[PDB]
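Okay, so here's the structure we're looking at.
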Amino acid sequence: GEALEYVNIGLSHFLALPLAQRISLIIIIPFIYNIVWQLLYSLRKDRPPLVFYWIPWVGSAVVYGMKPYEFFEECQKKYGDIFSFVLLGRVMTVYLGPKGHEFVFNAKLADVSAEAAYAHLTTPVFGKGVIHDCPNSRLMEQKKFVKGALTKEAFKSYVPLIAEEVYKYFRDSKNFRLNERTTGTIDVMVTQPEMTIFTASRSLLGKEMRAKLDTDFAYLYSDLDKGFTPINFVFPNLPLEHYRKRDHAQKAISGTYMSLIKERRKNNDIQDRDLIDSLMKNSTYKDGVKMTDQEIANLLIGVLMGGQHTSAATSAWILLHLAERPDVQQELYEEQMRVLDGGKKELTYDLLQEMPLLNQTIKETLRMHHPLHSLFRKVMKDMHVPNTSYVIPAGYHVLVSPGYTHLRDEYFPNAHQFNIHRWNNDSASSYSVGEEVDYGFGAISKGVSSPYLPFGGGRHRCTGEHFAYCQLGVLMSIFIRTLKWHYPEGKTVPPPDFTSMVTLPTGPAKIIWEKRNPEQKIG
Ligand code: HEM
Ligand SMILES: C[C@@H](c1ncncc1F)[C@](O)(Cn1cncn1)c1ccc(F)cc1F
């Protein structure tokens, strides 16, 4: 009773402490509070173990962002395959391994949302109305629109254009100019992004859109390029300047696409050339709405942008791994001479399919260097993980990471050794190992239990797998037949830089190239 007066009294003296002790208690009450909250949380047996952190809110973000596969391995040894950690205000429950791939890539639409996790990151860059700034059902239909331009007949015609672009680059780039140099050094992280965007542009976007890249316009891609960073997860729209040249470039680049979209319909200049022709002819949803010309341009940005960063990272890794392995280059070259009749057969999408060792090299690189170490979903409903007393409460996030499983000896013997022969009689981009399902964009595998899942699975599954292998196929067939490359003295494979949007190599990652035929000229 008389004590009740003194909780009151003490509350008044609390308010009248010096700014030195108030400030410090501002930073000790929450620190001491979250340490004692965690301790209570670990007695909850319907929750997966939460890994201890000191700083509240920040959580474990520092070690997760820097070495996420080392973090995952350390957590796996302590608490098994399921565990939570807090990440800059959110709570992520990792499910490692194939049962984890299944728990997350085959989750019900009712249980998890990818849109809910990524809309803050994608929509500022791509524009609105597409990808994650729409309902999952719109997403499924957009993928059906894009995927309707990623056919075998499309792929037969992209191969001469892609190959033209590779040669034009060897001819004209300051990094090569093969008609004036026979040897040189390139930074793969400078060359590979440029090659990707040229080849992707010319093929999917058309010749006009490829043409604009030879000009100043190219910088808008570079400006747009920088708004695609995990920082948009914390400060999505933060009134600074790289946020404006980002948005400037979005408006600017989406304008060029609509200008072309609009003039093509004005002229009925609508053929089967590029994905711009395709999305024009076929972008009406199942309920009857057509995509606005701006929505078509923003899907263009998002598709080109995402495939840009994964494809460019992958050919970088193919070069860096091969730079160290002249025996694999020798092997890949023999297959080039055998399949292409010593160079006296033009490269075709068909002939690419007969090059298993090349396709096995892409396959193996993508095993060791998955471009997305972590995929996320926001949990919408309380989720129960079977064989288990755990519930993942709504508002948590689930995190699948097949790239970690990729690097496990459990599923890949000597997982840390680059070995393309681990895929003998198995050069497939991927393989639907049984029964299939359709979420709107075509029949894809129903199970998602494979330990090798470079293109994920389920509804959010990649619709650019076959394009990626095409691009990477021509690019690497031509690199192989034209150049030998090795590392500078002392140099080896760089470690991955996980902090960016894709695990790309820690730069600079340089290789010395030599012409196989010094006296050869590109016409
Ligand atoms: C080496 C190349 C690529 C790799 C390794 C890769 C990997 C992936 C993965 C793992 C996902 C699943 C995302 C998630 O589950 O959260 C995905 C989604 C997707 N990717 Fe790719 N990707 C590649 C290239 C491309 C290209 C070139 C395109 C376009 C031509 C593309 C378009 C898409 C689309 C449209 C989705 C659907 C996302 C969704 O439905 O939520 N990707 N990709
Ligand atoms: C959202 C994005 C992503 N980026 C980084 N970490 C996780 C991610 F989910 C991604 O899934 C990645 N991606 C897959 N293939 C190409 N890019 C994506 C999907 C569709 C798209 F049109 C553009 C795009 F970037």
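By convention in this document, the chains of the structure tokens carry letters A, B, ... by their order, each chain's residues are numbered from 1, and ligands are numbered from 1 in the order they are shown.
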Requested in this report: Around ligand 1, at most 7 Å away and counting only C-alpha atoms and all ligand atoms, which residues are there? Put them as a count of residues only, please.
Outcome: 32
Query raised in the report: Do you know which residues are at most 8 Å from region 61-67 of chain A counting only C-alpha atoms, after dropping those on the same chain fewer than 3 positions away, and could you put them as a list in words?
Result: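 My reading of the contact set: residues 58, 70, 71, 86, 87, 88, 497, 498 and 499 of chain A.
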message = If you run DSSP on the backbone here, which positions in region 32-278 of chain A get strand (DSSP E or B)? Please write them as a ChimeraX atom specification.
response = /A:50,59,82-87,90-95,112-113,183-187
Taken to one decimal, the CA of residue 476 (chain A)-CA of residue 164 (chain A) distance is 13.4 Å
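Surrounding region 482-492 of chain A within 6 Å are residues 323, 478, 479, 511, 512, 513, 514, 515 and 516 of chain A, with only C-alpha atoms counted and residues fewer than 3 positions along the same chain left out.
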Write out as JSON lines the residues of region 355-407 of chain A that have any atom within 12 Å of an atom of region 29-44 of chain A, one row each with the nearest atom pair and its distance in Å to one decimal, counting only C-alpha atoms, sorted by chain and then rising number.
```
{"residue": "A:389", "atom": "CA", "partner": "A:44", "partner_atom": "CA", "distance": 10.4}
{"residue": "A:390", "atom": "CA", "partner": "A:44", "partner_atom": "CA", "distance": 9.3}
{"residue": "A:391", "atom": "CA", "partner": "A:44", "partner_atom": "CA", "distance": 10.3}
{"residue": "A:392", "atom": "CA", "partner": "A:44", "partner_atom": "CA", "distance": 11.9}
```
For this session: From the DSSP assignment of the backbone, select every residue of region 348-504 of chain A that is alpha helix (DSSP H), and format the answer as a ChimeraX atom specification.
Result: /A:349-353,356-368,402-406,465-482
Kindly export the residues of the current selection with C-alpha atoms, as a CSV table (one decimal), in the first residue's frame.
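Everything below was put into part.csv:
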```
chain,number,residue,atom,x,y,z
A,349,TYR,CA,20.6,-24.1,-80.4
A,350,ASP,CA,20.5,-27.7,-81.6
A,351,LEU,CA,24.2,-28.1,-81.6
A,352,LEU,CA,24.4,-26.5,-78.1
A,353,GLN,CA,22.3,-29.5,-76.8
A,356,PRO,CA,27.3,-32.0,-72.6
A,357,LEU,CA,30.7,-31.0,-71.1
A,358,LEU,CA,30.0,-27.3,-71.7
A,359,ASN,CA,26.5,-27.7,-70.3
A,360,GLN,CA,28.0,-29.7,-67.4
A,361,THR,CA,30.4,-26.7,-66.7
A,362,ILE,CA,27.5,-24.2,-66.4
A,363,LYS,CA,25.7,-26.9,-64.3
A,364,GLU,CA,28.7,-27.4,-61.9
A,365,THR,CA,29.4,-23.6,-61.6
A,366,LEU,CA,25.8,-23.0,-60.7
A,367,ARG,CA,26.2,-25.8,-58.1
A,368,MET,CA,29.2,-24.1,-56.4
A,402,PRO,CA,19.6,-24.6,-51.6
A,403,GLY,CA,23.0,-23.1,-52.5
A,404,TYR,CA,24.1,-24.1,-49.0
A,405,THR,CA,23.0,-27.7,-49.6
A,406,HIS,CA,24.9,-27.5,-52.9
A,465,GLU,CA,16.5,-21.3,-66.9
A,466,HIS,CA,16.6,-22.2,-70.6
A,467,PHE,CA,17.5,-18.7,-71.7
A,468,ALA,CA,20.3,-18.5,-69.1
A,469,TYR,CA,21.8,-21.8,-70.5
A,470,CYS,CA,21.4,-20.5,-74.0
A,471,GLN,CA,23.2,-17.2,-73.4
A,472,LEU,CA,25.9,-18.9,-71.2
A,473,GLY,CA,26.2,-21.7,-73.8
A,474,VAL,CA,27.0,-19.4,-76.8
A,475,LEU,CA,29.1,-17.1,-74.7
A,476,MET,CA,31.2,-20.0,-73.3
A,477,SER,CA,31.3,-22.0,-76.6
A,478,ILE,CA,32.9,-18.9,-78.2
A,479,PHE,CA,35.2,-18.0,-75.4
A,480,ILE,CA,36.4,-21.6,-75.5
A,481,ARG,CA,37.0,-21.7,-79.2
A,482,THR,CA,38.7,-18.3,-79.3
```
*asked:* Could you check the closest approach to ligand 2 for each of A:301, A:231, A:51, A:134 and tell me which residue wins, using only C-alpha atoms and all ligand atoms?
replied: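 Smallest separation from ligand 2 among the options: A:301.
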### Query
What does the distance from CA of residue 228 (chain A) to CA of residue 122 (chain A) come to in Å, to one decimal?
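Calculated distance between CA of residue 228 (chain A) and CA of residue 122 (chain A) is 7.4 Å.
CA of residue 458 (chain A) to CA of residue 446 (chain A) spans 7.3 Å [interatomic distance, one decimal].
Between ligand 2 and the candidates A:262, A:147, A:345, A:174, the tightest atom-to-atom separation, counting only C-alpha atoms and all ligand atoms, involves A:147.
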